[PDB]
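FYI the Cβ positions are ideal-geometry reconstructions off the backbone, even for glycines, and counts take in every protein chain you see. Please treat every number below as a calculation from the coordinates, not as lab data.
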Amino acid sequence: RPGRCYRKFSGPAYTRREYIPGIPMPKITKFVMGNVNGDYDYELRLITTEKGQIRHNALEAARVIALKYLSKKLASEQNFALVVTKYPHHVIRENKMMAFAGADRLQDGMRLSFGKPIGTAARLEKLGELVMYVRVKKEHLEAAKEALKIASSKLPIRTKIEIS
Amino acid sequence: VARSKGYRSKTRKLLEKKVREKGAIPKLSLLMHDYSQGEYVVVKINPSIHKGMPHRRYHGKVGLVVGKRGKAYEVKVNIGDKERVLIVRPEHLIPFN
Amino acid sequence: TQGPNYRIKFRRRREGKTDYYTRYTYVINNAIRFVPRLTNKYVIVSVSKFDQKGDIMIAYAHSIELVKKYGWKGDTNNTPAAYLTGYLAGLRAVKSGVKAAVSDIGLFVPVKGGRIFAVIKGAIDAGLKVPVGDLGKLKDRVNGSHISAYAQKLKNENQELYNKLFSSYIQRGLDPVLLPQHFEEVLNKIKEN
Amino acid sequence: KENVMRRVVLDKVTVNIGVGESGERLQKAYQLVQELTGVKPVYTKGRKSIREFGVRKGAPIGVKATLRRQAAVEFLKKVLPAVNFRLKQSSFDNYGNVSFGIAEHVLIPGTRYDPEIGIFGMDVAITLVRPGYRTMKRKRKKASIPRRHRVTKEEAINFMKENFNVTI
RNA sequence: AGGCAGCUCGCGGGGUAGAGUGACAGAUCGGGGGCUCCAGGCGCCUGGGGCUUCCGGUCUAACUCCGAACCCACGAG
RNA sequence: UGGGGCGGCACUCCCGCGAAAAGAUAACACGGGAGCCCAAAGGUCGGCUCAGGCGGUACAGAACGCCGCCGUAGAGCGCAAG
RNA sequence: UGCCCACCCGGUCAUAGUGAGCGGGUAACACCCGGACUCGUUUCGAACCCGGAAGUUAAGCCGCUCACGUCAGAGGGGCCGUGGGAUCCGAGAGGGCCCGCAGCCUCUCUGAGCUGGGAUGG
């Protein structure tokens, strides 16, 4: 299903697991990469621009692409560390019934059209919220710029970078 | 989905009490003072006391002491353009102003 | 106190003074309190009434005046002392203007023939109108016949029970056997004033 | 001297029989400790049922006896020679409490026999007191005493070595 | 002969927006310290398993220690 | 009844959420319950204070009992929730 | 004199709490003495009940000090809303702006028991 289907907000959040049975397992499993507690100098972060919800599926892909670019750069345990901030707390639900029941004269249409859990999203509620960030030294900010930027290529929403 | 018209329906925090005043009835000082006709009172339901609990529909309002029956009082309150009488024990009444 | 969740019971409850549930009933029923509290050295009786800034005691009496204004000679925290002060309370109460009230007890176990019931009877006999269950004290306890009977065994413990008090060494001749006789004379003394 | 009532005294020795069951053994245990203590014991109702070890709520699962002044102190005198060497400092807490049991109660140098009732072990608990605990136990002005007024472990050992000439 | 569709003042009610999660209920990411067990290597070290503590972050229509604007009651104007 | 039928009961009553800090407020919205049970699980009086954790004692054990310390509810209160 | 100092009877219901340390008692208050009678301990005078009352400030009580909990004041930092209006911007989501209001968290510093009714003590 296309990413344009869940970009905006359709109703409130969706969080209580005990109230919402059967959540598909999110793609993301690891959230921290690199030698945390390692010595770093440049302190660049990532900032979003407009509101919305981001599917975990893209994020996990964004997680992988960032790692390989850095991994080939120097190493995976070297003087760098990647940490993604948000978590897919939000859950999306879709009326899939038009697929199976939508061809057998069952209760089709908007009949009983409550959504069904198929994916999760990391919710964004503040203008300019952190999504991920990376810590390096003085000598590798240039590689870090596009490293975030290439990840941002896959994000659904417009993003912003900074240097610190 | 129509909601049940339970006598305490939709009260998840209406009858919630701030933790600082839990337990049995503390404010004995309010009760001991006695009302007479023509007095003006404010209804503030105590969720703890199960006796003479007025319905939620008239909570936090202005009441008038019109008489006394038994240990309890009866109170006149205007809600719409009608009149109503609420017979209640005093332990949800606080003087106005 | 361990955080915002921790609740604090009242000062009296923290100090174990009064049972509010009992006090609760008097408030809702506007009961006028009769309070025969006891301490290790004397007896305390009061007639209370509720008010905004706190309780108001209409009349009050203490064991101390019995040895000061009425010349009591025996103990100040026993049954005869308990009865005497209760009888005093009513006389103050009667001239006070009150007619009826309710005994307020709290932390005294309702034992029949105990000091507490001994106190209330005196106020009753003083003329104070207070309905009471009929399982109160025993008549012989008021005059302390048991005490003198207990005292009469002084032939056994090589001494009288009334080991002389803080000042009874050479000032107060405690007379344990002649106890009830000393009761009436003070009772006669207090009956007319 | 203010120390005369900061002193440590012996009080309320605990005479508890642990059987953990109900029936046909409590009765003999009840009378067995009866002549040992000279007072009528009390059964112990069961706590929350566990369904294992055969324990249920409200079921009498033990025998308890308690002795007081001039009786608790002499009771220790006749059981100490059995277990004078059994005393270990490890069994003394920080609050002046220590308990000692026996695998089989034949060790006591008493006038006991071996009737058809059988044989048993025994558990004994020792309580030490600095005068003034009444406030913690009285009805009025309930309160707690600070650790300063409590009985410490070292003085507990002293009150065992003294007045009882017990080992360790 | 008062009436009240508005406002102001006075005097009350509120758990929503928001905010917080060591304040409960849950969700959830990591590091540090200590304790414990296992595997490997040369008593030690490494890796893994469980426990604790400290530090940091990520959410809640069915979480609320808090909490507006705001809306409402009554008296007077 | 987002045609009708099939589907299901949103057709009787109750908890929360929906629902937007007065009230009322829709959904074939969501998460759930009831068609009972209790002569004691009821009235009153009296007494004790829980879950849990720590130290010591034969069997004794993380958890049968016993002696001490802490434990603001983390237990418990019949049946779902508040 | 006195008034406060505790006490009994309270109101406020933590700014009043908890924990530790120290100080105060010949009165008051407890600790503490003892149980024959009252009553009472599914054992016990433990506790309760009664009779008491030597000692004693160690408990408690009380005051003070320090910690934490906790109410506020200020400072720093965190975070950020909402009514009223427009053929305003933006495709939308959203945002600015003029008219009215704010509060929220978290660190630092500074305070932190008040009060009615009666018998002791100064």
Taking neighbour counts of Cβ atoms within 10 Å as a proxy for exposure, in what order, fewest first, do C:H146, A:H140 appear? C:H146, A:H140
Would you work out the charge dipole size for region D:1-138 about its Cα centre, treating the Cβ of every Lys and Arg as +1 and the Cβ of every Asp and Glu as -1, and quote it to the nearest 20 debye? 880
Please give the FRET efficiency for C:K99 paired with C:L138, using the beta carbon to beta carbon distance and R0 = 22 Å, rounded to the nearest 0.05. 0.20
If you put +1 on each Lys and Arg Cβ and -1 on each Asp and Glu Cβ, how big is the dipole of region D:57-110 around its Cα centre, in Debye rounded to 20? 160
Cα to Cα, under 19 Å, and not fewer than 8 places away if on the same chain: which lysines meet these conditions relative to B:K18? B:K10, B:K27, B:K44, C:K9
With a ≥ b ≥ c taken as the square roots of the eigenvalues of the C-alpha gyration tensor of chain A, please select rounded if a/c is under 1.5 and otherwise prolate if a/b is larger than b/c or oblate if it is not? prolate
For a test of the definition: using alpha carbon positions, the gyration tensor, and the 1.5 limit on a/c, classify chain B as rounded, prolate or oblate. oblate
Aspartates and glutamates within cross-link reach of B:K71: Cα-Cα under 15 Å, excluding same-chain residues under 8 positions apart? B:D34, B:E91
Under 1.5 on a/c is rounded, so check that first for chain D, then, if it is not, pick prolate when a/b is larger than b/c and oblate when it is not; a ≥ b ≥ c are the square roots of the alpha carbon gyration tensor eigenvalues. oblate
Tell me, how many Å apart are the Cα centres for region D:102-168 and for region B:1-75? 55
Two pseudo-spin positions, 7 Å from Cα along C-beta at A:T49 and at C:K155, lie apart in nanometres by 11.6
Along Cα→Cβ, 7 Å out, is where each label goes; now give me the distance between the ones at C:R12 and D:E155 in nm to one decimal. 3.7
So, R0 is 30 Å and r is the distance between the beta-carbons of D:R140 and C:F166; what FRET efficiency does that work out to, to 0.05? 0.80
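Using the number of other C-beta atoms within 10 angstrom as an exposure proxy, rank A:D39, C:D51 with the fewest first. If you can, show how the numbers build up before the last one.
Details: A:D39 8, C:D51 11.
Ranked by crowding around the Cβ, least crowded first: A:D39, C:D51.
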Using the count of nearby Cβ atoms within 10 Å as a rough guide to exposure, how do C:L138, C:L84 rank from fewest to most? C:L138, C:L84
Chymotrypsin sites (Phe, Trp or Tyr not before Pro) within region B:4-97: DSSP coil, no more than 15 neighbouring Cβ in 10 Å: B:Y7, B:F96
Please name whichever of C:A31, C:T76, C:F108 sits farthest to the positive end of the charge dipole of chain C, dipole taken about the Cα centre and charges placed at Cβ: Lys and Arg +1, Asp and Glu -1. C:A31
So for the pair D:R6, A:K30, with labels modelled 7 Å out along Cα→Cβ, what separation do we get in nm? 6.5
Less than 28 Å apart at the alpha-carbon level, and either on another chain or at least 8 residues along: which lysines does that give for D:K45? D:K12, D:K28, D:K57, D:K64, D:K137, D:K139, D:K142
Amide H to amide H, which residues 5 or more places from D:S99 or on other chains are under 5 Å from it, using H placed in the peptide plane? D:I126
Can you tell which of C:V43, C:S145, A:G11 lies farthest toward the positive end of the dipole of the protein assembly as shown, using +1 and -1 charges on the Cβ of basic and acidic side chains (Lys, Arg; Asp, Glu)? A:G11
Using 11 Å as the cut-off for backbone N distance, which residues of region D:54-80 belong to the label zone defined by a point 7 Å from the Cα of D:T111 along Cα→Cβ? none
Assigning unit charges at the beta carbon (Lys, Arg +1; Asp, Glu -1) and nothing else, what dipole magnitude in debye, to the nearest 20, does chain B show about its Cα centre? 640
